[PDB]
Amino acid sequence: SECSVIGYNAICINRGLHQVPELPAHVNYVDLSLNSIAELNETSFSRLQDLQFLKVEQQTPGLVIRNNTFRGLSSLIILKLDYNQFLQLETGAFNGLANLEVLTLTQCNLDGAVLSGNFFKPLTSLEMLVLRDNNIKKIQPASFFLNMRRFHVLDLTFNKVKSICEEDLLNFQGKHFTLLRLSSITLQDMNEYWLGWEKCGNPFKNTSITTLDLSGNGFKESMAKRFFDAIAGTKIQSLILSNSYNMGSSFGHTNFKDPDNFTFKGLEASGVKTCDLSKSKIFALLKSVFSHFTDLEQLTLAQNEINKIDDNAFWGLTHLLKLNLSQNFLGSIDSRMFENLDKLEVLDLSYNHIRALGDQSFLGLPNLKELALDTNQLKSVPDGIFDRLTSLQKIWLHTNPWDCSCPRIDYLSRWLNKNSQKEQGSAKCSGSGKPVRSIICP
């Protein structure tokens, strides 16, 4: 035999094959990736009726899949045809695949007709469709999607999609997606003066989404506001807007606006439980900016350019448990910054430039379990700063230039010694390099 056959698995990778090889009838897993198969047809898999898992990824460019190629593979659950450059599908290529659950077609130069034509009509049990990195410019699923009742995962990452509107996504109405990944599709036409805004309606009408990934799409504030107004009411549990590269003003520039209280108003009825706005050049957290996220439990703003947090920035976040502000440009913390966060359990302030903590910085945070202040520029803290943090389980204070002069260091050294089971890593004195916990002031 040409391939390596172990039990139920035929591994046929990179064997210089020009056709499907001869294999034991009992194999149910076949990997034919990295071969030179130019054409597949109904004879190709006619001796392998028991296949459950089939890969034919990244052949020489131009693979042709004829009608009924997989007809009679009525046990096939997973089919992967990724990285077939200039893949040529006949419209009945997937005939017979009523039980297929996963189809992957990443980077196959496919266009929007692959969703609007009859290619996927036979796939009545389909659960997951991966179409990343193709040439899909509009997302317009054909009417048969209405009856694909287990369909719940779609990934269109890296397609250059001009715009999405209610009329495009019609045939996804009524679905519950567990994952809708529309990352880095750009949506270039949907700008400030586009007439499509008046008629766009709600792209996600009567659709619910557990995880909506809209990362890497720009989302200039004015665009975000329009987009979230358009989808108002859509139930979304987890919203990913990381790498929204137009959203923030940026540190030292005012060409663009940071989000404000009106930006996310459309999300008020969405029930969002987690939100990721990391890596989006945000400079200022403005008054009530997050107050429409009435159900929010986790929020990351990591890796922005945040240097300014307005009073009442977190107003209305009465359910928030976790707040990540790691890797920003904060120069200090004061007690007003973190008002309106009574339920907070996890506060990450690591990798900032913080050089001072205001006297009662954490007074409004009695439920805090985890507090990261590592990798900042703290030389000292005010006496008693951590005393009311009665639920604290972990604290990071390392990689800070602690001034271990006495009596300045008295409180912190005594506190870190008394609470040595909470400290993660080891806070060290500038100069001497000894652990802060070991300093005894007389």
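Numbers for residues come from their place in the sequence shown, where the first is 1.
Averaged over CA atoms, B-factors in the entry run higher in 112-120 than in the other of 112-120 and 210-218. For the pair 51-59 and 410-418, the mean Cα B-factor is higher in 410-418. Within the selection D229, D155, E167, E297, the deposited Cα B-factor values reach their highest point at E167. Of the candidates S280, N352, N159, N191, the deposited coordinates give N191 the top C-alpha B factor. Split the chain's modelled residues into thirds by C-alpha temperature factor. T106 is in the lowest one. When the CA B factors of the chain's modelled residues are split into thirds, the value for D133 lands in the lowest one. In the PDB entry, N367 places in the highest third of its chain by CA B-factor. For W396, the recorded CA temperature factor ranks within the lowest third of the chain's modelled residues. Placement of the Cα temperature factor of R181 within the chain: lowest third of the modelled residues, per the deposited record.
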